[PDB]
Amino acid sequence: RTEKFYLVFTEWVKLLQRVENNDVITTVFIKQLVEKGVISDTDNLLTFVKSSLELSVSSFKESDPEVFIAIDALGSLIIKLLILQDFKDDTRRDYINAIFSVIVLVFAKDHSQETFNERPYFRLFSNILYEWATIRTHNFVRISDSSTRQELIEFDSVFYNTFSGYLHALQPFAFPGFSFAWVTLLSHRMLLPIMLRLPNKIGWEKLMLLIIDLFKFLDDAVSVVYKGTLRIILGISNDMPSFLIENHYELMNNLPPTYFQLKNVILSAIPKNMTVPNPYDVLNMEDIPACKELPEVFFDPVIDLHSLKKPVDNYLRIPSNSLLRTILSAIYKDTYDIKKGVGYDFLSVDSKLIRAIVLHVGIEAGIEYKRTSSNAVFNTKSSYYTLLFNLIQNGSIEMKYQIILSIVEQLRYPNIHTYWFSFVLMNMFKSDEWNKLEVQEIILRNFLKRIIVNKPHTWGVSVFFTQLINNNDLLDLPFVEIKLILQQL
Amino acid sequence: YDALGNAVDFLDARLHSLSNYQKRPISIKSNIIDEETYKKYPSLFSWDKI
(Lines give C-alpha, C1' and ligand atoms only; values in the text may rest on other atoms or scores of the structure.)
Protein backbone atom coordinates (compact mmCIF):
# COMPACT_ATOMS: atom_id res chain seq x y z
CA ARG A 1 0.00 0.00 0.00
CA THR A 2 2.64 2.51 1.10
CA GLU A 3 4.78 1.34 -1.82
CA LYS A 4 2.05 2.73 -4.06
CA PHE A 5 2.38 6.21 -2.56
CA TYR A 6 6.14 5.89 -3.03
CA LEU A 7 5.72 5.21 -6.75
CA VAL A 8 3.66 8.40 -7.08
CA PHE A 9 6.29 10.62 -5.45
CA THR A 10 8.78 8.74 -7.63
CA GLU A 11 6.77 10.14 -10.55
CA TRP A 12 6.94 13.66 -9.12
CA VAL A 13 10.69 13.61 -8.43
CA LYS A 14 11.44 12.40 -11.95
CA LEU A 15 9.14 14.96 -13.56
CA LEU A 16 10.35 18.13 -11.86
CA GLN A 17 13.94 16.97 -12.23
CA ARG A 18 14.98 17.89 -15.79
CA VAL A 19 12.03 20.30 -16.03
CA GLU A 20 11.58 23.93 -15.01
CA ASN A 21 9.19 24.06 -12.05
CA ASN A 22 7.49 27.19 -13.38
CA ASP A 23 5.93 25.21 -16.24
CA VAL A 24 2.20 24.76 -15.69
CA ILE A 25 2.44 20.99 -16.23
CA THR A 26 3.37 20.67 -12.56
CA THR A 27 0.08 22.37 -11.70
CA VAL A 28 -1.68 19.84 -13.94
CA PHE A 29 0.19 16.99 -12.25
CA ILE A 30 -1.29 17.87 -8.86
CA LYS A 31 -4.59 18.23 -10.73
CA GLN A 32 -4.01 14.64 -11.86
CA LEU A 33 -3.48 13.53 -8.26
CA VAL A 34 -7.02 14.42 -7.21
CA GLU A 35 -8.20 12.45 -10.25
CA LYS A 36 -7.12 9.29 -8.43
CA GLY A 37 -8.00 8.39 -4.85
CA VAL A 38 -4.53 9.28 -3.59
CA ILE A 39 -5.23 12.90 -2.56
CA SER A 40 -9.01 12.29 -2.59
CA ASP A 41 -9.04 12.47 1.22
CA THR A 42 -6.95 14.56 3.62
CA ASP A 43 -6.11 11.44 5.64
CA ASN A 44 -4.31 10.17 2.54
CA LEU A 45 -2.83 13.58 1.73
CA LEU A 46 -1.11 13.94 5.10
CA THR A 47 -0.07 10.31 4.62
CA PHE A 48 1.39 11.19 1.22
CA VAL A 49 3.53 14.01 2.62
CA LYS A 50 4.44 11.68 5.49
CA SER A 51 5.93 8.89 3.38
CA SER A 52 7.35 11.36 0.85
CA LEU A 53 9.53 12.84 3.60
CA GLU A 54 10.71 9.51 5.03
CA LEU A 55 11.82 8.57 1.52
CA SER A 56 13.90 11.73 1.07
CA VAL A 57 15.76 11.10 4.34
CA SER A 58 16.30 7.51 3.21
CA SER A 59 17.40 8.85 -0.17
CA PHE A 60 19.77 11.16 1.70
CA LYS A 61 21.18 8.04 3.35
CA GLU A 62 23.66 5.95 1.36
CA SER A 63 24.68 9.18 -0.39
CA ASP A 64 28.45 9.69 -0.30
CA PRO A 65 28.72 13.37 -1.27
CA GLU A 66 24.51 16.58 -1.32
CA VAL A 67 21.44 14.74 -2.56
CA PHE A 68 18.57 17.18 -2.08
CA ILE A 69 17.04 16.78 -5.55
CA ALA A 70 14.47 14.51 -3.91
CA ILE A 71 13.65 16.66 -0.88
CA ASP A 72 13.79 20.00 -2.71
CA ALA A 73 11.12 18.69 -5.07
CA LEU A 74 8.94 18.02 -2.04
CA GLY A 75 9.50 21.50 -0.63
CA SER A 76 8.09 22.94 -3.85
CA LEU A 77 5.16 20.51 -3.75
CA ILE A 78 4.15 21.79 -0.31
CA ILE A 79 3.98 25.35 -1.63
CA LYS A 80 2.40 24.33 -4.94
CA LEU A 81 -0.47 22.73 -3.03
CA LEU A 82 -0.80 25.74 -0.71
CA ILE A 83 -1.53 28.07 -3.63
CA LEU A 84 -3.03 25.87 -6.36
CA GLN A 85 -5.59 24.39 -3.95
CA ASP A 86 -8.98 26.00 -3.30
CA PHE A 87 -9.33 26.62 0.44
CA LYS A 88 -12.33 27.45 2.61
CA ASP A 89 -12.38 30.27 5.15
CA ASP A 90 -10.46 28.67 8.04
CA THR A 91 -9.14 25.66 6.11
CA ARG A 92 -6.03 27.36 4.72
CA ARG A 93 -4.73 27.83 8.26
CA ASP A 94 -5.36 24.20 9.21
CA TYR A 95 -3.57 23.07 6.05
CA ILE A 96 -0.18 24.71 6.62
CA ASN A 97 -0.34 23.77 10.30
CA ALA A 98 -1.09 20.15 9.41
CA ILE A 99 1.93 19.72 7.13
CA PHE A 100 4.29 21.43 9.58
CA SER A 101 3.00 19.02 12.24
CA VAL A 102 3.90 16.09 9.98
CA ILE A 103 7.41 17.37 9.23
CA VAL A 104 8.32 17.86 12.89
CA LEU A 105 6.53 14.58 13.61
CA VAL A 106 8.91 12.63 11.36
CA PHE A 107 11.84 14.58 12.80
CA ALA A 108 11.01 13.28 16.28
CA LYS A 109 10.45 9.82 14.82
CA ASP A 110 13.90 10.15 13.26
CA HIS A 111 15.53 11.60 16.38
CA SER A 112 14.44 8.38 18.06
CA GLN A 113 17.00 5.78 16.99
CA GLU A 114 15.60 3.61 14.18
CA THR A 115 21.59 7.29 11.74
CA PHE A 116 19.63 10.51 12.23
CA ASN A 117 20.83 13.60 10.36
CA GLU A 118 19.74 17.22 10.83
CA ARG A 119 20.76 18.62 7.42
CA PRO A 120 17.86 17.34 5.28
CA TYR A 121 15.10 18.65 7.55
CA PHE A 122 16.89 22.00 7.68
CA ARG A 123 17.01 21.97 3.87
CA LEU A 124 13.27 21.31 3.67
CA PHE A 125 12.33 24.17 5.99
CA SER A 126 14.79 26.38 4.12
CA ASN A 127 13.18 25.58 0.76
CA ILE A 128 9.70 26.34 2.09
CA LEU A 129 10.94 29.76 3.22
CA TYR A 130 12.77 30.51 -0.03
CA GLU A 131 9.79 29.35 -2.08
CA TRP A 132 7.20 31.35 -0.13
CA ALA A 133 9.59 34.32 -0.01
CA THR A 134 9.42 34.31 -3.81
CA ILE A 135 5.62 34.12 -3.91
CA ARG A 136 5.03 36.97 -1.44
CA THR A 137 7.18 39.30 -3.56
CA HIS A 138 5.46 42.69 -3.78
CA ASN A 139 2.05 42.01 -2.21
CA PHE A 140 1.75 38.63 -3.96
CA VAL A 141 1.69 40.19 -7.43
CA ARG A 142 3.08 37.08 -9.14
CA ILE A 143 -0.23 35.25 -8.64
CA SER A 144 -3.27 35.78 -10.90
CA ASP A 145 -4.54 38.81 -8.97
CA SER A 146 -7.87 36.97 -9.06
CA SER A 147 -8.31 38.22 -5.48
CA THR A 148 -7.40 34.77 -4.35
CA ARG A 149 -4.36 36.99 -3.91
CA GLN A 150 -6.35 38.87 -1.28
CA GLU A 151 -6.68 35.63 0.70
CA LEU A 152 -2.89 35.19 0.67
CA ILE A 153 -2.18 38.74 1.86
CA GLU A 154 -4.06 38.01 5.08
CA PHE A 155 -2.29 34.64 5.21
CA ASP A 156 1.19 36.19 4.98
CA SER A 157 1.34 37.27 8.63
CA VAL A 158 -0.29 34.03 9.78
CA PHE A 159 2.22 31.88 7.89
CA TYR A 160 5.38 32.96 9.74
CA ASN A 161 3.86 33.24 13.21
CA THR A 162 2.52 29.69 12.92
CA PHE A 163 5.80 28.53 11.37
CA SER A 164 7.64 30.10 14.30
CA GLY A 165 5.37 28.04 16.53
CA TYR A 166 6.45 24.79 14.90
CA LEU A 167 10.04 25.99 15.03
CA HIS A 168 9.69 26.43 18.79
CA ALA A 169 8.82 22.73 19.01
CA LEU A 170 12.41 21.92 17.99
CA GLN A 171 14.06 24.41 20.34
CA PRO A 172 17.65 23.70 21.51
CA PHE A 173 16.24 22.52 24.85
CA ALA A 174 14.35 19.79 22.99
CA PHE A 175 17.08 18.60 20.61
CA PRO A 176 20.70 19.29 21.66
CA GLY A 177 22.00 18.08 18.30
CA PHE A 178 19.69 20.28 16.24
CA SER A 179 20.68 23.28 18.37
CA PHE A 180 23.15 24.84 15.93
CA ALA A 181 20.89 23.90 13.01
CA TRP A 182 18.04 25.64 14.85
CA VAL A 183 19.88 28.95 15.22
CA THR A 184 20.88 29.04 11.56
CA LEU A 185 17.21 28.74 10.61
CA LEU A 186 16.23 31.50 13.04
CA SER A 187 18.84 33.78 11.48
CA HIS A 188 17.74 32.71 7.99
CA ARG A 189 17.96 35.53 5.43
CA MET A 190 14.31 34.90 4.53
CA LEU A 191 12.92 34.57 8.07
CA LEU A 192 14.42 37.05 10.54
CA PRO A 193 14.73 40.20 8.40
CA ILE A 194 11.15 40.32 7.08
CA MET A 195 9.38 39.24 10.28
CA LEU A 196 11.06 42.20 11.97
CA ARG A 197 9.78 44.38 9.12
CA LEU A 198 6.25 42.92 9.13
CA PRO A 199 3.43 45.50 9.28
CA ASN A 200 3.01 47.09 12.72
CA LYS A 201 5.07 44.53 14.64
CA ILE A 202 2.61 41.64 14.26
CA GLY A 203 5.44 39.13 13.92
CA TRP A 204 7.38 40.49 16.89
CA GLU A 205 5.11 38.45 19.16
CA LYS A 206 6.48 35.13 17.89
CA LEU A 207 10.03 36.40 17.35
CA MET A 208 10.24 36.95 21.10
CA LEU A 209 8.97 33.42 21.74
CA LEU A 210 12.00 32.06 19.87
CA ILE A 211 14.61 34.29 21.52
CA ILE A 212 13.31 33.44 25.00
CA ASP A 213 13.64 29.75 24.12
CA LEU A 214 17.22 30.65 23.25
CA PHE A 215 17.86 32.52 26.51
CA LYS A 216 16.29 29.87 28.76
CA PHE A 217 18.69 27.36 27.21
CA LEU A 218 21.65 29.59 28.07
CA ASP A 219 20.61 29.66 31.74
CA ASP A 220 29.13 21.72 26.02
CA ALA A 221 26.64 22.29 23.20
CA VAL A 222 25.85 25.73 24.64
CA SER A 223 28.82 27.50 23.05
CA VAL A 224 27.29 27.07 19.60
CA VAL A 225 24.05 28.62 20.84
CA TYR A 226 25.57 31.65 22.57
CA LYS A 227 27.90 32.29 19.64
CA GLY A 228 24.84 32.21 17.39
CA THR A 229 22.70 34.25 19.77
CA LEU A 230 25.12 37.18 19.71
CA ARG A 231 25.29 37.63 15.94
CA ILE A 232 21.48 37.76 15.84
CA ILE A 233 20.94 40.58 18.33
CA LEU A 234 23.76 42.48 16.63
CA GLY A 235 22.11 41.83 13.28
CA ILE A 236 18.83 43.11 14.69
CA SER A 237 20.62 46.05 16.32
CA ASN A 238 21.64 47.15 12.82
CA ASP A 239 18.45 46.19 10.96
CA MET A 240 15.60 46.93 13.40
CA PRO A 241 17.06 48.39 16.62
CA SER A 242 13.58 49.32 17.86
CA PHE A 243 12.93 45.63 18.48
CA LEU A 244 15.60 45.63 21.20
CA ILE A 245 14.36 48.88 22.74
CA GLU A 246 10.62 48.25 23.06
CA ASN A 247 10.65 44.57 24.04
CA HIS A 248 13.61 45.10 26.40
CA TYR A 249 11.37 44.45 29.43
CA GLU A 250 10.21 41.00 28.31
CA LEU A 251 13.78 40.38 27.12
CA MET A 252 15.73 41.39 30.23
CA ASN A 253 13.50 39.16 32.37
CA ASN A 254 14.54 35.82 30.88
CA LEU A 255 18.17 36.84 30.31
CA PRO A 256 20.66 35.53 32.90
CA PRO A 257 22.67 38.29 34.66
CA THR A 258 25.92 36.42 33.98
CA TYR A 259 25.83 37.87 30.46
CA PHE A 260 26.90 41.51 30.68
CA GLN A 261 28.13 41.78 27.09
CA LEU A 262 24.81 40.64 25.64
CA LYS A 263 23.08 42.98 28.09
CA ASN A 264 24.76 46.10 26.71
CA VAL A 265 24.10 45.38 23.03
CA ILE A 266 20.37 45.25 23.73
CA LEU A 267 20.44 48.48 25.74
CA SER A 268 23.06 50.07 23.48
CA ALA A 269 20.65 49.76 20.55
CA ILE A 270 19.55 53.11 19.12
CA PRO A 271 16.97 54.17 16.50
CA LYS A 272 18.23 54.17 12.91
CA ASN A 273 17.67 57.81 11.94
CA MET A 274 18.86 59.31 15.23
CA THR A 275 22.42 60.43 15.95
CA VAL A 276 23.85 61.13 19.41
CA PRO A 277 26.44 63.54 20.90
CA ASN A 278 29.76 62.44 22.43
CA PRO A 279 28.90 61.08 25.90
CA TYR A 280 32.41 61.37 27.37
CA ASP A 281 32.25 65.14 26.79
CA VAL A 282 30.85 67.33 29.57
CA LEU A 283 25.15 69.16 31.31
CA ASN A 284 21.74 70.77 30.78
CA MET A 285 19.90 68.01 28.94
CA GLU A 286 16.95 70.41 28.73
CA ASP A 287 18.83 71.86 25.76
CA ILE A 288 18.63 68.45 24.08
CA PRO A 289 15.18 67.99 22.47
CA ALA A 290 15.69 64.26 21.80
CA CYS A 291 15.63 63.11 25.44
CA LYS A 292 12.21 64.72 25.92
CA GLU A 293 10.68 62.03 23.70
CA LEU A 294 9.00 59.07 25.38
CA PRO A 295 10.52 55.63 24.72
CA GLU A 296 8.05 53.14 23.25
CA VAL A 297 7.37 49.88 25.11
CA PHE A 298 5.78 46.92 23.35
CA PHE A 299 4.84 45.12 26.57
CA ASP A 300 3.30 47.12 29.43
CA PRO A 301 4.80 45.90 32.74
CA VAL A 302 1.52 46.60 34.57
CA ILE A 303 0.19 43.18 33.54
CA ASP A 304 2.91 41.23 35.36
CA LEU A 305 2.37 43.64 38.26
CA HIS A 306 -0.99 41.96 38.87
CA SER A 307 -2.57 43.02 42.18
CA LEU A 308 -0.07 45.76 43.06
CA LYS A 309 -1.52 47.91 40.27
CA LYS A 310 -3.88 49.54 42.78
CA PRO A 311 -1.60 50.32 45.76
CA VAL A 312 1.29 51.46 43.55
CA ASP A 313 -0.81 53.82 41.43
CA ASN A 314 -2.50 55.10 44.59
CA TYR A 315 0.99 55.64 45.99
CA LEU A 316 2.22 57.28 42.79
CA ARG A 317 -0.65 59.72 43.23
CA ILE A 318 -0.36 60.37 46.97
CA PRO A 319 2.62 59.02 48.93
CA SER A 320 0.78 57.40 51.84
CA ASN A 321 3.17 56.00 54.44
CA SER A 322 0.48 53.46 55.33
CA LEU A 323 0.26 52.44 51.67
CA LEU A 324 4.03 51.99 51.70
CA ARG A 325 3.84 49.25 54.33
CA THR A 326 1.46 47.02 52.36
CA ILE A 327 3.55 47.23 49.19
CA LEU A 328 6.65 46.10 51.08
CA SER A 329 4.74 43.37 52.91
CA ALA A 330 3.68 42.08 49.49
CA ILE A 331 7.26 41.90 48.21
CA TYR A 332 8.49 40.15 51.36
CA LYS A 333 5.61 37.70 50.91
CA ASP A 334 6.48 36.76 47.33
CA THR A 335 10.10 36.36 48.42
CA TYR A 336 9.88 34.22 51.57
CA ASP A 337 6.37 32.86 52.17
CA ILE A 338 5.35 31.80 48.65
CA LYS A 339 7.10 31.59 45.26
CA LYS A 340 9.83 29.44 46.77
CA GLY A 341 12.56 28.77 44.23
CA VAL A 342 15.05 25.90 44.15
CA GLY A 343 18.82 25.54 44.52
CA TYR A 344 20.63 28.69 43.45
CA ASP A 345 18.31 31.69 43.59
CA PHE A 346 16.42 30.14 46.52
CA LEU A 347 13.96 32.60 48.05
CA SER A 348 14.61 34.78 45.02
CA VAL A 349 13.65 38.42 44.92
CA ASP A 350 11.33 38.39 41.92
CA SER A 351 13.47 40.22 39.36
CA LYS A 352 10.46 40.40 37.03
CA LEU A 353 8.35 42.03 39.75
CA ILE A 354 10.97 44.57 40.82
CA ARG A 355 11.79 45.42 37.20
CA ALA A 356 8.07 45.81 36.48
CA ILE A 357 7.72 48.29 39.34
CA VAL A 358 10.77 50.42 38.49
CA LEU A 359 9.71 50.46 34.84
CA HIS A 360 6.07 51.22 35.64
CA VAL A 361 7.05 54.21 37.77
CA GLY A 362 9.21 55.54 34.94
CA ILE A 363 6.37 55.25 32.43
CA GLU A 364 3.87 57.02 34.69
CA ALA A 365 6.61 59.58 35.38
CA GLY A 366 6.95 60.07 31.63
CA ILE A 367 3.26 60.73 31.07
CA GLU A 368 3.39 63.16 33.99
CA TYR A 369 6.12 65.05 32.12
CA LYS A 370 4.36 65.27 28.75
CA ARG A 371 1.49 66.91 30.62
CA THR A 372 1.53 69.74 33.17
CA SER A 373 4.58 71.84 32.22
CA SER A 374 7.09 69.17 33.34
CA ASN A 375 8.52 71.31 36.17
CA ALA A 376 7.33 68.99 38.96
CA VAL A 377 8.47 65.58 37.69
CA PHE A 378 12.05 66.13 38.89
CA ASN A 379 12.17 66.62 42.65
CA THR A 380 13.38 65.04 45.89
CA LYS A 381 9.83 65.32 47.25
CA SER A 382 8.13 64.14 44.05
CA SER A 383 5.97 61.02 44.44
CA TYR A 384 7.67 59.23 41.55
CA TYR A 385 11.01 59.67 43.33
CA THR A 386 9.61 59.12 46.82
CA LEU A 387 8.43 55.59 46.02
CA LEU A 388 11.75 54.38 44.59
CA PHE A 389 13.55 56.07 47.48
CA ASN A 390 11.52 54.37 50.21
CA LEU A 391 11.49 50.87 48.70
CA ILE A 392 15.29 50.96 48.87
CA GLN A 393 15.59 52.20 52.45
CA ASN A 394 13.00 49.72 53.76
CA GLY A 395 13.98 46.95 51.35
CA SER A 396 16.50 44.24 52.21
CA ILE A 397 20.00 43.97 50.73
CA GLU A 398 19.08 41.67 47.84
CA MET A 399 15.90 43.73 47.50
CA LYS A 400 17.89 46.95 47.17
CA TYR A 401 20.20 45.26 44.66
CA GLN A 402 17.43 44.54 42.14
CA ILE A 403 15.93 48.03 42.32
CA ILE A 404 19.23 49.75 41.51
CA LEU A 405 19.94 47.14 38.84
CA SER A 406 16.61 47.80 37.14
CA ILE A 407 17.16 51.57 37.25
CA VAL A 408 20.56 51.35 35.55
CA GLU A 409 19.14 49.17 32.77
CA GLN A 410 16.67 51.89 31.77
CA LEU A 411 19.56 54.25 31.03
CA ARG A 412 19.77 53.67 27.28
CA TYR A 413 19.52 55.98 24.25
CA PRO A 414 18.69 59.68 24.87
CA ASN A 415 15.15 59.42 26.22
CA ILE A 416 13.21 60.82 29.20
CA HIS A 417 13.59 57.55 31.11
CA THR A 418 17.37 57.81 30.80
CA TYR A 419 17.06 61.48 31.72
CA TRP A 420 14.84 60.79 34.72
CA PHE A 421 16.43 57.62 36.12
CA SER A 422 19.79 59.37 35.83
CA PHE A 423 18.46 62.21 37.98
CA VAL A 424 17.22 59.52 40.36
CA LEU A 425 20.61 57.79 40.53
CA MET A 426 22.48 61.09 40.71
CA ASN A 427 20.26 62.54 43.44
CA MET A 428 20.11 59.32 45.47
CA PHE A 429 23.90 59.01 45.43
CA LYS A 430 24.18 62.55 46.81
CA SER A 431 21.03 62.07 48.90
CA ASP A 432 21.24 62.41 52.67
CA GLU A 433 18.60 61.00 55.06
CA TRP A 434 20.06 57.47 54.98
CA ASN A 435 21.29 55.15 57.73
CA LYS A 436 24.39 55.19 53.38
CA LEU A 437 27.69 53.39 52.82
CA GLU A 438 25.73 50.24 52.00
CA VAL A 439 23.56 52.00 49.41
CA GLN A 440 26.33 53.88 47.59
CA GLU A 441 28.21 50.59 47.29
CA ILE A 442 25.20 49.13 45.46
CA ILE A 443 24.86 52.26 43.33
CA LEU A 444 28.46 51.75 42.24
CA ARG A 445 28.39 47.95 41.94
CA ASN A 446 25.34 47.69 39.68
CA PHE A 447 26.57 50.66 37.65
CA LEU A 448 30.23 49.64 37.48
CA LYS A 449 29.26 46.29 35.94
CA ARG A 450 28.23 48.03 32.70
CA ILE A 451 31.54 49.58 31.57
CA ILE A 452 34.20 46.98 32.37
CA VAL A 453 33.07 44.68 29.55
CA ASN A 454 34.14 45.39 25.97
CA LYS A 455 32.29 48.02 23.93
CA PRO A 456 29.85 49.19 22.75
CA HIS A 457 29.31 50.93 26.09
CA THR A 458 25.73 52.18 26.44
CA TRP A 459 25.12 55.91 26.03
CA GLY A 460 23.26 56.30 29.32
CA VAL A 461 25.99 54.87 31.55
CA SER A 462 28.70 56.74 29.64
CA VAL A 463 27.16 60.13 30.38
CA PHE A 464 26.32 59.26 33.99
CA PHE A 465 29.89 58.02 34.38
CA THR A 466 31.20 61.31 32.98
CA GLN A 467 29.11 63.80 34.96
CA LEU A 468 30.02 61.85 38.09
CA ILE A 469 33.64 63.03 37.94
CA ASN A 470 32.44 66.31 36.44
CA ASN A 471 30.16 66.72 39.45
CA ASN A 472 33.29 66.41 41.61
CA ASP A 473 31.31 64.60 44.32
CA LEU A 474 36.23 60.23 43.16
CA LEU A 475 38.20 57.37 44.75
CA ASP A 476 37.30 58.99 48.09
CA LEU A 477 34.78 56.16 48.49
CA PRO A 478 36.37 54.06 51.27
CA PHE A 479 35.22 50.73 49.83
CA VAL A 480 37.46 51.23 46.80
CA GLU A 481 41.33 45.71 43.35
CA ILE A 482 38.51 48.21 42.82
CA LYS A 483 41.07 51.02 42.54
CA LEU A 484 42.45 49.32 39.42
CA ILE A 485 39.57 50.78 37.41
CA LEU A 486 40.31 54.36 38.49
CA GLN A 487 43.67 54.13 36.71
CA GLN A 488 41.93 52.56 33.71
CA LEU A 489 39.83 55.67 33.09
CA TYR B 1 13.21 -6.14 22.64
CA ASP B 2 10.18 -3.92 23.27
CA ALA B 3 6.79 -5.48 22.57
CA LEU B 4 5.02 -3.19 20.08
CA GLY B 5 5.55 -0.12 22.28
CA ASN B 6 8.47 2.15 21.40
CA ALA B 7 9.33 5.81 20.85
CA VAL B 8 9.32 5.33 17.08
CA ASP B 9 6.11 3.30 17.26
CA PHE B 10 4.31 5.90 19.38
CA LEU B 11 5.18 8.73 16.99
CA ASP B 12 4.34 6.81 13.80
CA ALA B 13 0.89 6.49 15.36
CA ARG B 14 0.79 10.24 16.00
CA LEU B 15 1.27 10.97 12.30
CA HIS B 16 -1.67 8.66 11.66
CA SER B 17 -3.52 10.28 14.57
CA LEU B 18 -3.24 13.69 12.91
CA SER B 19 -4.32 12.26 9.55
CA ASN B 20 -7.81 11.29 10.73
CA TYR B 21 -8.21 14.64 12.48
CA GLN B 22 -10.77 16.89 10.76
CA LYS B 23 -11.47 14.82 7.65
CA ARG B 24 -12.14 16.98 4.59
CA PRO B 25 -12.23 16.45 0.80
CA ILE B 26 -9.31 18.10 -0.99
CA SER B 27 -11.00 20.71 -3.19
CA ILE B 28 -8.72 21.65 -6.08
CA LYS B 29 -9.23 25.00 -7.80
CA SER B 30 -11.64 24.03 -10.58
CA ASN B 31 -12.02 27.62 -11.79
CA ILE B 32 -8.37 27.93 -12.78
CA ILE B 33 -6.16 26.12 -15.34
CA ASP B 34 -8.21 25.92 -18.50
CA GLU B 35 -10.12 22.66 -18.00
CA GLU B 36 -10.60 20.36 -21.02
CA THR B 37 -6.89 21.02 -21.53
CA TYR B 38 -6.41 18.78 -18.51
CA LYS B 39 -8.25 16.02 -20.37
CA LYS B 40 -5.76 16.19 -23.25
CA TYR B 41 -2.67 15.41 -21.16
CA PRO B 42 -1.31 11.86 -20.62
CA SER B 43 -1.92 9.64 -17.58
CA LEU B 44 1.33 10.75 -15.93
CA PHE B 45 0.86 8.03 -13.30
CA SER B 46 1.19 4.34 -12.47
CA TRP B 47 -1.60 4.26 -9.90
CA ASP B 48 -3.82 1.32 -8.90
CA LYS B 49 -6.87 1.98 -6.73
CA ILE B 50 -8.44 -0.57 -4.39
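Confirm whether A:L167 is more than 17 Å from the chain's Cα centre (by Cα), part of a helix (DSSP H, G or I) and not polar (S, T, N, Q).
no
Please verify whether the stretch A:260-278 includes one or more residues that are β-branched (V, I, T), closer than 27 Å to A:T386 by Cα and assigned by CATH to the domain that holds A:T386.
Looking for residues that are β-branched (V, I, T), closer than 27 Å to A:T386 by Cα and assigned by CATH to the domain that holds A:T386, one finds none in the stretch A:260-278, hence no.
Among the residues of the stretch A:136-155, write down those that are more than 27 Å from the chain's Cα centre (by Cα) and among the hydrophobic types (A, V, I, L, M, F, W, C).
A:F140, A:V141, A:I143
Just to be sure I understand, how many residues within the stretch A:200-221 are among the small types (G, A, S) and within 12 Å of the chain's Cα centre (by Cα)?
Matching residues across the stretch A:200-221 total 1.
Give the stretch A:84-93 a look and list any residue that's touching a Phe, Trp or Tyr at 6+ places or on another chain (Cβ under 9 Å) and at the interface with chain B (Cβ under 10 Å from one of its Cβ atoms), or say none.
A:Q85, A:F87
Residues to consider are A:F107, A:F122; find the one that is more than 9 Å from chain B (Cβ to nearest Cβ), surrounded by fewer than 21 Cβ atoms within 10 Å (Cβ to Cβ), within 33 Å of the chain's Cα centre (by Cα) and of a type in the set (A, V, I, L, M, F, W, C).
Answer to the selection: A:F122.
Against the conditions (1) crowded, with 17+ Cβ neighbours inside 10 Å; (2) under 26 Å from A:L81 (Cβ atoms), where does A:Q171 fall short? Just the number, please.
It fails just one condition, (2).
Please pick out the residue among A:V349, A:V358, A:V312 that is buried (at least 20 other Cβ atoms within 10 Å of the Cβ), within 17 Å of A:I416 (Cα to Cα) and of a type outside the set (S, T, N, Q).
Answer to the check: A:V358.
Please verify whether the stretch A:49-67 includes one or more residues that are at negative phi and under 27 Å from the mean Cα position of the chain (by Cα).
No, the stretch A:49-67 contains no residue that is at negative phi and under 27 Å from the mean Cα position of the chain (by Cα).
Would you check if A:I194 is of a type in the set (A, V, I, L, M), part of a helix (DSSP H, G or I) and over 30 Å from A:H111 (Cβ atoms)?
Considered against the rule, which asks whether it is of a type in the set (A, V, I, L, M), part of a helix (DSSP H, G or I) and over 30 Å from A:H111 (Cβ atoms), A:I194 comes out as no.
Going by the structure shown, is A:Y280 among the aromatic types (F, W, Y) and within 23 Å of A:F447 (Cα to Cα)?
yes
Can you name the number of the only condition in (1) of a type in the set (D, E); (2) closer than 24 Å to B:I28 by Cβ; (3) in contact with a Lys or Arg (Cβ under 9 Å, 6 or more places away or on another chain) that A:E20 fails?
The one condition A:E20 does not meet is (3).
Quick one: which of A:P199, A:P193 is under 27 Å from A:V302 (Cβ atoms) and surrounded by fewer than 18 Cβ atoms within 10 Å (Cβ to Cβ)?
Answer to the selection: A:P199.
Could you look through the stretch A:452-467, keep only residues that are in contact with a helix residue (DSSP H, G or I) (Cβ under 6 Å, 6 or more places away or on another chain), of a type outside the set (S, T, Y) and part of a loop (DSSP other than H, G, I, E, B), and pick out the one that is surrounded by the fewest Cβ atoms within 10 Å (Cβ to Cβ)?
A:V453
Only one residue in A:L411, A:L388 is closer than 24 Å to A:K333 by Cα, crowded, with 20+ Cβ neighbours inside 10 Å and either in the same structural domain as A:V276 (by CATH) or of a type in the set (A, V, I, L, M) (or both). Which one?
Selected residue: A:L388, the only one of A:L411, A:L388 that is closer than 24 Å to A:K333 by Cα, crowded, with 20+ Cβ neighbours inside 10 Å and either in the same structural domain as A:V276 (by CATH) or of a type in the set (A, V, I, L, M) (or both).
Can you tell me which residue within the stretch A:2-49, out of those that are more than 7 Å from chain B (Cβ to nearest Cβ), within 15 Å of B:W47 (Cβ to Cβ) and of a type in the set (A, V, I, L, M, F, W, C), is surrounded by the most Cβ atoms within 10 Å (Cβ to Cβ)?
A:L33
Is it the case that A:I367 is buried (at least 17 other Cβ atoms within 10 Å of the Cβ) and outside any loop (DSSP other than H, G, I, E, B)?
no
From the list B:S17, B:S27, which residue is under 21 Å from the mean Cα position of the chain (by Cα) and either more than 7 Å from chain A (Cβ to nearest Cβ) or exposed (fewer than 10 other Cβ atoms within 10 Å of the Cβ) (or both)?
Unique residue meeting the criteria: B:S17.
Can B:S30 be described as within 29 Å of A:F100 (Cα to Cα) and in a loop (DSSP other than H, G, I, E, B)?
Criteria met by B:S30.
Please verify whether the stretch B:32-39 includes one or more residues that are among the acidic types (D, E) and facing chain A (nearest Cβ under 7 Å).
Scanning the stretch B:32-39 turns up no residue that is among the acidic types (D, E) and facing chain A (nearest Cβ under 7 Å).
Yes or no: A:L305 of a type outside the set (D, E, K, R) and under 15 Å from the mean Cα position of the chain (by Cα)?
In short, no.
Numbers and lists here come from the model and the stated rules, or from a named source; no laboratory instrument gave them. Cβ: placed from backbone, ideal geometry, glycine included. Neighbour counts: every protein chain shown.
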